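Trainee: Hey, dropping entry03.csv in here, CSV, C-alpha atoms and all ligand atoms:
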chain,number,residue,atom,x,y,z
A,2,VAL,CA,56.6,257.3,17.4
A,3,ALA,CA,54.5,260.4,17.6
A,4,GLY,CA,50.8,261.2,17.6
A,5,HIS,CA,48.1,261.4,20.3
A,6,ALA,CA,48.8,257.9,21.9
A,7,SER,CA,52.5,258.7,22.4
A,8,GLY,CA,54.1,260.7,25.2
A,20,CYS,CA,52.1,262.7,43.2
A,23,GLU,CA,53.7,255.5,40.5
A,24,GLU,CA,53.9,252.2,42.3
A,25,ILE,CA,57.4,252.4,43.7
A,26,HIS,CA,57.7,248.8,44.5
A,27,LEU,CA,57.1,247.8,40.9
A,28,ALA,CA,60.2,249.7,39.5
A,29,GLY,CA,61.4,246.9,37.3
A,30,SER,CA,64.9,248.1,37.6
A,31,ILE,CA,67.8,248.4,40.0
A,32,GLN,CA,70.7,250.7,41.0
A,33,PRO,CA,74.0,249.7,39.3
A,34,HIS,CA,76.1,248.9,42.3
A,35,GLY,CA,74.7,245.3,42.5
A,36,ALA,CA,73.1,242.6,40.4
A,37,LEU,CA,69.8,240.9,41.0
A,38,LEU,CA,68.8,237.4,40.1
A,39,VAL,CA,65.4,235.9,40.3
A,40,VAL,CA,65.3,232.0,40.5
A,41,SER,CA,62.5,229.6,40.0
A,42,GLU,CA,62.7,227.0,42.7
A,43,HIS,CA,61.4,223.9,40.9
A,44,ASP,CA,64.4,223.8,38.7
A,45,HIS,CA,66.8,226.3,40.4
A,46,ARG,CA,67.3,228.3,37.1
A,47,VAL,CA,67.5,232.0,36.8
A,48,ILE,CA,64.3,233.3,35.3
A,49,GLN,CA,64.9,237.1,35.5
A,50,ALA,CA,68.0,239.1,36.0
A,51,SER,CA,69.2,242.7,36.0
A,52,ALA,CA,70.6,243.6,32.6
A,53,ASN,CA,74.0,244.2,34.1
A,54,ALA,CA,74.2,240.8,35.8
A,55,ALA,CA,76.5,238.9,33.5
A,56,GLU,CA,79.0,241.8,33.4
A,57,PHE,CA,78.8,242.5,37.1
A,58,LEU,CA,79.2,238.8,38.1
A,59,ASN,CA,81.9,238.0,35.5
A,60,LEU,CA,79.7,235.4,33.8
A,61,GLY,CA,79.3,234.6,30.1
A,62,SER,CA,75.5,234.2,30.6
A,63,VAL,CA,73.0,234.3,33.3
A,64,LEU,CA,69.4,234.2,32.1
A,65,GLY,CA,68.1,230.6,32.0
A,66,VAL,CA,71.2,229.2,33.7
A,67,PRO,CA,70.9,226.7,36.5
A,68,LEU,CA,72.5,227.9,39.7
A,69,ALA,CA,74.5,224.8,39.8
A,70,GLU,CA,76.2,225.7,36.5
A,71,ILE,CA,77.2,229.3,37.5
A,72,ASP,CA,80.9,229.6,38.2
A,73,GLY,CA,81.6,229.8,41.9
A,74,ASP,CA,79.7,228.5,45.0
A,75,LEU,CA,76.4,230.3,45.1
A,76,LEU,CA,74.3,227.2,45.1
A,77,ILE,CA,76.2,225.4,47.9
A,78,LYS,CA,76.1,228.6,50.0
A,79,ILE,CA,72.4,229.2,49.7
A,80,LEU,CA,71.3,225.4,50.0
A,81,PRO,CA,71.2,225.5,53.8
A,82,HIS,CA,68.7,228.3,53.8
A,83,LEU,CA,66.2,227.2,51.1
A,84,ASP,CA,63.9,224.8,53.1
A,85,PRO,CA,60.9,226.4,54.8
A,86,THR,CA,61.6,227.8,58.2
A,87,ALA,CA,60.1,230.5,60.4
A,88,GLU,CA,63.6,232.1,61.3
A,89,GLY,CA,64.8,232.0,57.8
A,90,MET,CA,64.6,234.5,55.0
A,91,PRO,CA,65.4,237.2,54.5
A,92,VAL,CA,69.0,236.1,54.9
A,93,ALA,CA,72.4,237.2,53.7
A,94,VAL,CA,75.0,234.7,52.5
A,95,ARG,CA,78.7,235.2,51.5
A,96,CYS,CA,79.8,233.5,48.3
A,97,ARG,CA,82.1,233.6,45.3
A,98,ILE,CA,80.9,234.0,41.8
A,99,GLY,CA,82.4,234.3,38.3
A,100,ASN,CA,85.6,234.1,36.4
A,101,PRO,CA,87.5,236.0,37.5
A,102,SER,CA,86.1,235.0,40.8
A,103,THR,CA,84.9,237.7,43.2
A,104,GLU,CA,83.4,237.5,46.7
A,105,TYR,CA,79.9,238.7,47.1
A,106,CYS,CA,77.2,239.1,49.8
A,107,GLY,CA,74.0,237.8,48.5
A,108,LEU,CA,70.7,238.9,50.1
A,109,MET,CA,67.9,236.5,49.6
A,110,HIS,CA,64.2,236.8,50.0
A,111,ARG,CA,61.0,235.6,48.6
A,112,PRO,CA,58.3,238.0,47.4
A,113,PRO,CA,54.7,236.8,47.7
A,114,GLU,CA,55.0,235.5,44.2
A,115,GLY,CA,57.6,235.4,41.5
A,116,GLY,CA,60.3,233.1,42.9
A,117,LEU,CA,63.4,233.6,44.9
A,118,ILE,CA,65.3,237.0,44.7
A,119,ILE,CA,69.0,237.1,45.2
A,120,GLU,CA,70.7,240.5,45.3
A,121,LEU,CA,74.4,240.5,45.1
A,122,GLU,CA,76.8,243.3,46.3
A,123,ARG,CA,80.7,243.1,46.2
A,124,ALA,CA,81.9,241.9,49.5
A,125,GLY,CA,84.3,243.8,51.8
A,126,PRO,CA,86.1,243.1,55.0
A,127,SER,CA,84.5,242.5,58.4
A,128,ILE,CA,83.6,245.6,60.1
A,129,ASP,CA,84.6,245.6,63.6
A,130,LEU,CA,82.4,248.1,65.4
A,131,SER,CA,81.5,246.1,68.5
A,132,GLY,CA,83.6,248.5,70.7
A,133,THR,CA,81.7,251.6,69.3
A,134,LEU,CA,78.4,249.7,69.7
A,135,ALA,CA,78.6,248.9,73.4
A,136,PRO,CA,78.6,252.5,74.4
A,137,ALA,CA,76.2,253.5,71.7
A,138,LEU,CA,73.7,251.0,73.2
A,139,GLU,CA,74.2,252.4,76.6
A,140,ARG,CA,73.6,256.0,75.4
A,141,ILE,CA,70.4,254.9,73.8
A,142,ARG,CA,69.1,252.9,76.7
A,143,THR,CA,69.7,255.7,79.2
A,144,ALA,CA,68.6,258.7,77.1
A,145,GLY,CA,66.2,260.7,79.4
A,146,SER,CA,64.2,262.5,76.7
A,147,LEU,CA,63.4,262.3,72.9
A,148,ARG,CA,65.6,265.4,72.5
A,149,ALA,CA,68.5,263.6,74.1
A,150,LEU,CA,67.9,260.4,72.3
A,151,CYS,CA,67.6,261.9,68.9
A,152,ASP,CA,70.7,264.1,69.3
A,153,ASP,CA,72.7,261.1,70.4
A,154,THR,CA,71.2,259.1,67.5
A,155,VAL,CA,72.5,261.5,64.8
A,156,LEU,CA,76.0,261.7,66.4
A,157,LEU,CA,76.2,257.9,66.7
A,158,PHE,CA,75.1,257.4,63.1
A,159,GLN,CA,77.5,260.0,61.8
A,160,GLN,CA,80.4,258.3,63.6
A,161,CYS,CA,79.4,254.8,62.4
A,162,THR,CA,78.7,255.7,58.8
A,163,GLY,CA,80.8,258.8,58.0
A,164,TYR,CA,78.1,260.7,56.1
A,165,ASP,CA,78.4,264.4,55.7
A,166,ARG,CA,74.9,265.1,57.3
A,167,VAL,CA,72.7,262.9,59.6
A,168,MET,CA,69.2,263.8,60.7
A,169,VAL,CA,66.3,262.4,62.5
A,170,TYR,CA,63.3,263.1,60.3
A,171,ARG,CA,60.0,262.8,62.3
A,172,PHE,CA,56.5,262.3,61.0
A,173,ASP,CA,53.4,263.7,62.6
A,174,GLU,CA,49.9,262.1,62.5
A,175,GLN,CA,49.1,264.0,59.3
A,176,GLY,CA,52.3,262.8,57.7
A,177,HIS,CA,54.2,266.1,57.7
A,178,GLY,CA,57.9,266.0,58.2
A,179,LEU,CA,60.2,267.7,60.7
A,180,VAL,CA,64.0,267.7,60.9
A,181,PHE,CA,64.1,267.0,64.6
A,182,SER,CA,67.8,266.5,65.1
A,183,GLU,CA,70.8,267.1,62.9
A,184,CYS,CA,74.6,267.0,62.8
A,185,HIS,CA,76.7,267.8,59.9
A,186,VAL,CA,80.3,268.5,58.8
A,187,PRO,CA,81.4,272.1,59.4
A,188,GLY,CA,80.5,274.5,56.8
A,189,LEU,CA,77.5,272.8,55.4
A,190,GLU,CA,73.9,274.0,55.3
A,191,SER,CA,71.7,273.2,58.4
A,192,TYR,CA,68.2,271.8,57.9
A,193,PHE,CA,67.6,271.5,61.6
A,194,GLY,CA,64.0,272.3,62.4
A,195,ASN,CA,62.8,272.6,58.9
A,196,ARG,CA,59.3,271.3,58.1
A,197,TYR,CA,58.2,269.6,54.9
A,198,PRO,CA,54.9,268.6,53.5
A,199,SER,CA,53.7,265.1,53.7
A,200,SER,CA,53.8,264.8,50.0
A,201,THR,CA,57.6,264.8,50.1
A,202,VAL,CA,57.4,261.3,51.6
A,203,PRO,CA,54.1,259.9,50.3
A,204,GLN,CA,52.0,257.4,52.1
A,205,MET,CA,52.9,254.4,50.0
A,206,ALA,CA,56.6,255.2,50.6
A,207,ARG,CA,56.1,255.4,54.4
A,208,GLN,CA,54.2,252.0,54.3
A,209,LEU,CA,57.1,250.4,52.4
A,210,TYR,CA,59.6,251.7,54.9
A,211,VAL,CA,57.8,249.9,57.7
A,212,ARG,CA,58.7,246.7,55.9
A,213,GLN,CA,62.0,247.5,54.3
A,214,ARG,CA,63.9,249.2,57.1
A,215,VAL,CA,67.1,250.4,55.3
A,216,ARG,CA,67.5,252.2,52.0
A,217,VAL,CA,70.7,253.1,50.3
A,218,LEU,CA,71.0,255.4,47.3
A,219,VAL,CA,74.6,255.3,46.1
A,220,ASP,CA,74.6,257.9,43.4
A,221,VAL,CA,71.7,260.1,42.7
A,222,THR,CA,72.7,260.4,39.0
A,223,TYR,CA,72.7,256.7,38.3
A,224,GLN,CA,71.2,255.2,35.2
A,225,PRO,CA,68.6,252.5,36.2
A,226,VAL,CA,69.4,248.9,35.2
A,227,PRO,CA,66.3,247.2,33.9
A,228,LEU,CA,65.2,243.6,34.9
A,229,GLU,CA,65.2,241.2,31.9
A,230,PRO,CA,62.5,240.2,31.2
A,231,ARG,CA,60.7,243.0,33.0
A,232,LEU,CA,57.6,241.0,33.8
A,233,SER,CA,57.9,237.9,35.9
A,234,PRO,CA,57.6,234.6,33.9
A,235,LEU,CA,55.8,233.1,36.8
A,236,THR,CA,53.1,235.7,37.3
A,237,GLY,CA,52.9,237.8,34.1
A,238,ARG,CA,53.0,240.9,36.3
A,239,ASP,CA,55.8,243.3,37.4
A,240,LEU,CA,58.0,241.8,40.0
A,241,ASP,CA,57.3,242.9,43.6
A,242,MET,CA,60.5,244.6,44.6
A,243,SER,CA,59.4,245.8,48.0
A,244,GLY,CA,62.1,243.8,49.7
A,245,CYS,CA,64.8,244.5,47.2
A,246,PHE,CA,67.7,246.6,48.6
A,247,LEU,CA,68.9,247.4,45.1
A,248,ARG,CA,65.5,248.7,44.0
A,249,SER,CA,65.7,251.9,41.7
A,250,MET,CA,64.1,254.9,43.4
A,251,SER,CA,61.4,257.3,42.3
A,252,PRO,CA,62.5,259.8,39.8
A,253,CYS,CA,60.5,262.5,41.6
A,254,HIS,CA,62.5,261.8,44.7
A,255,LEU,CA,65.9,261.8,42.8
A,256,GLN,CA,65.0,265.2,41.4
A,257,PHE,CA,64.4,266.5,44.9
A,258,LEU,CA,67.8,265.4,46.0
A,259,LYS,CA,69.5,266.8,42.9
A,260,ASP,CA,67.8,270.2,43.5
A,261,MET,CA,69.5,270.1,47.0
A,262,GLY,CA,72.9,269.0,45.6
A,263,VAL,CA,72.9,265.7,47.6
A,264,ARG,CA,74.8,262.9,45.8
A,265,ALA,CA,74.0,259.9,48.0
A,266,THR,CA,71.7,258.9,50.9
A,267,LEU,CA,71.1,256.3,53.6
A,268,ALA,CA,67.8,256.1,55.4
A,269,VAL,CA,66.9,253.8,58.3
A,270,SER,CA,63.3,253.4,59.6
A,271,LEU,CA,62.2,254.1,63.1
A,272,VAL,CA,59.1,251.9,63.7
A,273,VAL,CA,57.2,252.5,66.9
A,274,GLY,CA,53.9,250.7,67.6
A,275,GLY,CA,54.0,249.3,64.1
A,276,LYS,CA,53.9,252.8,62.6
A,277,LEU,CA,56.6,254.8,60.9
A,278,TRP,CA,57.6,257.3,63.6
A,279,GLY,CA,60.6,258.7,61.7
A,280,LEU,CA,63.7,258.1,59.7
A,281,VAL,CA,67.4,258.4,60.3
A,282,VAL,CA,68.4,260.2,57.1
A,283,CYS,CA,72.0,260.6,56.0
A,284,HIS,CA,73.3,262.8,53.1
A,285,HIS,CA,76.6,262.7,51.3
A,286,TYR,CA,78.0,265.1,48.8
A,287,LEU,CA,79.9,262.3,46.9
A,288,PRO,CA,78.6,258.9,46.0
A,289,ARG,CA,78.6,256.5,49.0
A,290,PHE,CA,77.8,252.9,49.7
A,291,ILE,CA,77.6,251.0,53.0
A,292,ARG,CA,77.9,247.2,52.8
A,293,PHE,CA,75.7,244.6,54.3
A,294,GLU,CA,77.4,244.3,57.8
A,295,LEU,CA,77.2,248.0,58.5
A,296,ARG,CA,73.6,248.2,57.2
A,297,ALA,CA,72.8,245.4,59.7
A,298,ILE,CA,74.3,247.4,62.5
A,299,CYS,CA,72.3,250.4,61.5
A,300,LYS,CA,69.2,248.3,61.6
A,301,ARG,CA,70.1,246.9,65.1
A,302,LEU,CA,70.6,250.5,66.3
A,303,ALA,CA,67.3,251.6,64.9
A,304,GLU,CA,65.5,248.8,66.8
A,305,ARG,CA,67.2,249.8,70.0
A,306,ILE,CA,66.3,253.5,69.4
A,307,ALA,CA,62.6,252.6,68.7
A,308,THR,CA,62.4,250.5,71.9
A,309,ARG,CA,63.6,253.6,73.8
A,310,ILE,CA,61.1,255.9,72.0
A,311,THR,CA,58.3,253.5,73.0
A,312,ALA,CA,59.3,253.8,76.6
A,313,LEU,CA,59.7,257.6,76.6
A,314,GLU,CA,56.3,258.1,75.0
A,315,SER,CA,54.5,255.7,77.4
B,1,LIG,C1,57.9,258.8,45.4
B,1,LIG,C2,58.7,259.4,46.5
B,1,LIG,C3,58.7,260.8,46.9
B,1,LIG,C4,58.0,261.8,46.1
B,1,LIG,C5,58.1,263.2,46.1
B,1,LIG,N1,59.0,263.9,46.7
B,1,LIG,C6,58.8,265.2,46.5
B,1,LIG,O1,59.6,266.1,46.8
B,1,LIG,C7,57.6,265.5,45.7
B,1,LIG,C8,56.6,266.4,46.5
B,1,LIG,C9,57.1,264.1,45.4
B,1,LIG,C10,57.4,263.8,43.9
B,1,LIG,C11,58.4,264.3,43.3
B,1,LIG,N2,59.6,261.0,48.0
B,1,LIG,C12,60.1,259.8,48.3
B,1,LIG,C13,61.0,259.5,49.4
B,1,LIG,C14,61.6,260.5,50.4
B,1,LIG,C15,62.4,260.0,51.5
B,1,LIG,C16,62.8,258.6,51.9
B,1,LIG,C17,64.2,258.4,51.2
B,1,LIG,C18,64.8,257.1,51.5
B,1,LIG,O2,65.9,256.9,51.1
B,1,LIG,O3,64.2,256.2,52.2
B,1,LIG,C19,62.8,261.2,52.2
B,1,LIG,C20,63.6,261.2,53.5
B,1,LIG,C21,62.2,262.2,51.4
B,1,LIG,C22,62.3,263.7,51.7
B,1,LIG,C23,63.5,264.4,52.2
B,1,LIG,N3,64.7,263.8,52.4
B,1,LIG,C24,65.5,264.7,52.9
B,1,LIG,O4,66.7,264.5,53.2
B,1,LIG,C25,64.8,266.0,53.2
B,1,LIG,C26,65.2,267.3,53.8
B,1,LIG,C27,66.4,267.7,54.4
B,1,LIG,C28,63.5,265.7,52.7
B,1,LIG,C29,62.3,266.6,52.7
B,1,LIG,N4,61.5,261.8,50.4
B,1,LIG,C30,59.6,258.7,47.5
B,1,LIG,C31,59.9,257.3,47.5
B,1,LIG,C32,61.4,257.1,47.0
B,1,LIG,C33,61.6,255.6,46.9
B,1,LIG,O5,61.6,255.1,45.7
B,1,LIG,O6,61.7,254.8,47.9
B,2,CL,CL,59.4,229.4,42.2
B,3,CL,CL,77.7,225.2,43.8
Written as C-alpha cells, how would this file's structure read?

Mentor:
Amino acid sequence: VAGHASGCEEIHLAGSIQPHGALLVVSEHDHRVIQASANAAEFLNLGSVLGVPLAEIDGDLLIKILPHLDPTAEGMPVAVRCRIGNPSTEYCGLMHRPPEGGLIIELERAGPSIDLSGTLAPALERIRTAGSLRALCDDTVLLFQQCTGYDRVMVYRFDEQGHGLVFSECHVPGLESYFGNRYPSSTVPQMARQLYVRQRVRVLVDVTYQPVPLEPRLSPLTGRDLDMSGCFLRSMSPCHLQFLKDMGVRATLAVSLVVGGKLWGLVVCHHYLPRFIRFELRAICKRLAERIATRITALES
C-alpha cells in the first residue's frame, strides 16, 4: 500500500513485549486467557494459550495464583513461582491488575535462590551512615555493580527542569566514562519520568530485540490498547533503543529513586552484552533503592 494515506508516543500502550518472557492477560469471571504475547505458546511449551482456561494449562499456575486473587490491600502486585508446560519448566509469574483489562501475568524462566543477604547487611549500613549525597551515590554505584555485575553503573540525577546529570559512576577498566556529563530533559521525557515513579525497575535484555506483539492487540474487555504501565516485559520506545545503539550499549537495568513522591534520579546500569536479572535480584535492587531514597530524604532535609 502506497499513496498519500500510507507511511519527541504513549509508551505504556506499546502493545508488545520483549522476548525473554511471556505475557498472559486473564479475564477473571471465567479465568480464561483473553490476550497473550505472540510467543506465549512456544515460550511456555503449550499447544495453545489464547482462550484457554487457566485450569486446563499444563502445570500448576492456577493453584499457585489462587491464594492471591481475592481482594486485599497488601496483595498485588505479587510474584508467584509455578511450573508450566510440557516439557514442564519453572517460572516466576508476576501478577498485577491494570485499571481495566483484566489480570496480567508476566512469566520469566525461574533460576536459583540468590543468596545476597551477607552482601546486603553491609550495603544497608553503608547507606544508612553515608554523610553526604556524594558519599551515598558513590557507594550506591559500587554496591549495585557488585550485586548485579553490569559493566557500568551510574546515578543519573534530574534537576527541577528535568535535565539529567551523571552524578556518580563506576565502570569496568578501560571503558568510557560518562561521569559528570549532562543531558537534555528530552532524553528522558516527562511521561517516562512519571511512569518510573510507579514502575520502579526496568530491564532491557538486548537492545536489538524484535518486539513480540500482544494478540489480540486491543483488550477484548475495553476495546482499547492494554495499559502496560505495570508490565516488566513491556517493549521500550524505539527512540530510546536507537539512543542506546548509538552508544553501543547492549543491555540496561534502571532503578528509580523516588524522593518526596518525585523522580529524583535513576540508578542506571549498562552492559556490552545482553543481560537479564531475575525477579529475586530485581527485588533486592528495589529494596536498596528504597533505602537510598530514605537517606537522600534525610540528607536534603
Ligand atoms: C521515549 C523515551 C526516550 C526518548 C528519547 N531519548 C532520546 O535520546 C531522544 C531525545 C528521545 C527520542 C528518541 N528516552 C527514554 C528513556 C531513557 C531512560 C530510562 C531508561 C530505563 O531503562 O528506564 C534513560 C536513563 C535515558 C537516557 C540515558 N540513559 C543513559 O544511560 C544515558 C547516558 C550515559 C542517557 C542520557 N532515556 C524513553 C522511555 C523508554 C521506555 O520505553 O521506558
Ligand atoms: Cl476481568
Ligand atoms: Cl492448577

Trainee: Using all atoms listed in the file, I'd like a table of the residues in chain A that come within 8 Å of ligand LIG 1 (chain B); for each, show the closest atom pair and its distance in Å rounded to one decimal, ordered by chain and ascending number, as a tab-separated table.

Mentor:
residue	atom	partner	partner_atom	distance
A:20	CA	B:LIG1	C10	5.5
A:23	CA	B:LIG1	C1	7.2
A:25	CA	B:LIG1	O5	5.4
A:26	CA	B:LIG1	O5	7.5
A:168	CA	B:LIG1	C27	7.9
A:170	CA	B:LIG1	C20	7.1
A:178	CA	B:LIG1	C29	7.1
A:180	CA	B:LIG1	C27	6.9
A:192	CA	B:LIG1	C27	5.7
A:195	CA	B:LIG1	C27	7.6
A:196	CA	B:LIG1	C29	7.8
A:197	CA	B:LIG1	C29	5.5
A:198	CA	B:LIG1	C8	7.5
A:199	CA	B:LIG1	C8	7.9
A:200	CA	B:LIG1	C8	4.8
A:201	CA	B:LIG1	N1	3.8
A:202	CA	B:LIG1	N2	4.2
A:203	CA	B:LIG1	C3	5.8
A:205	CA	B:LIG1	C31	8.0
A:206	CA	B:LIG1	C31	5.0
A:207	CA	B:LIG1	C16	7.8
A:209	CA	B:LIG1	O6	7.8
A:210	CA	B:LIG1	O3	7.0
A:215	CA	B:LIG1	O3	7.2
A:216	CA	B:LIG1	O2	5.0
A:217	CA	B:LIG1	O2	6.2
A:218	CA	B:LIG1	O2	6.5
A:248	CA	B:LIG1	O5	7.7
A:249	CA	B:LIG1	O5	6.6
A:250	CA	B:LIG1	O5	3.4
A:251	CA	B:LIG1	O5	4.1
A:252	CA	B:LIG1	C11	7.0
A:253	CA	B:LIG1	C11	3.2
A:254	CA	B:LIG1	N2	4.5
A:255	CA	B:LIG1	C32	7.7
A:256	CA	B:LIG1	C11	6.9
A:257	CA	B:LIG1	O1	5.2
A:258	CA	B:LIG1	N3	7.3
A:266	CA	B:LIG1	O2	6.1
A:267	CA	B:LIG1	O2	5.8
A:268	CA	B:LIG1	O2	4.8
A:269	CA	B:LIG1	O3	7.1
A:270	CA	B:LIG1	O3	8.0
A:280	CA	B:LIG1	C20	6.9
A:282	CA	B:LIG1	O4	6.0
A:283	CA	B:LIG1	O4	7.2
A:284	CA	B:LIG1	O4	6.8

Trainee: Residues contacting ligand CL 2 (chain B) - anything with an atom at most 7 Å away, using all atoms listed in the file - can you give me those as a PDB file with C-alpha atoms, in the coordinates of the input?

Mentor:
ATOM      1  CA  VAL A  40      65.300 232.000  40.500  1.00  0.00           C
ATOM      2  CA  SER A  41      62.500 229.600  40.000  1.00  0.00           C
ATOM      3  CA  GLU A  42      62.700 227.000  42.700  1.00  0.00           C
ATOM      4  CA  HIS A  43      61.400 223.900  40.900  1.00  0.00           C
ATOM      5  CA  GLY A 115      57.600 235.400  41.500  1.00  0.00           C
ATOM      6  CA  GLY A 116      60.300 233.100  42.900  1.00  0.00           C
ATOM      7  CA  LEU A 117      63.400 233.600  44.900  1.00  0.00           C
TER       8      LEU A 117
END

Trainee: Determine the nearest neighbour of ligand CL 3 (chain B) from the options A:37, A:51, A:67, A:56, counting only C-alpha atoms and all ligand atoms.

Mentor: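 Ranked by minimum distance to ligand CL 3 (chain B), first place goes to A:67.
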
Trainee: May I ask you to write as a ChimeraX atom specification all residues lying at most 7 Å from ligand CL 3 (chain B), with only C-alpha atoms and all ligand atoms counted?

Mentor: /A:69,73-77

Trainee: So the first atom is CA of residue 308 in chain A and the second is CA of residue 245 in chain A; what is the distance between them in Å, to one decimal place?

Mentor: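 Rounded to one decimal, the two atoms are 25.5 Å apart.
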
Trainee: Hey, which of A:289, A:152, A:144, A:223 ends up closest to residue 165 in chain A? Count all atoms listed in the file.

Mentor: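 Among A:289, A:152, A:144, A:223, it is A:289 that comes nearest to residue 165 in chain A.
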
Trainee: Tell me, in Å to one decimal, how far CA of residue 95 in chain A is from CA of residue 208 in chain A.

Mentor: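 Between CA of residue 95 in chain A and CA of residue 208 in chain A the gap works out to 29.8 Å.
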
Trainee: Just the number, please: distance in Å from CA of residue 263 in chain A to CA of residue 188 in chain A, one decimal.

Mentor: 14.8 Å

Trainee: Given all atoms listed in the file as the basis, pick out the residue of A:148, A:138, A:287, A:246 nearest to residue 303 in chain A.

Mentor: A:138
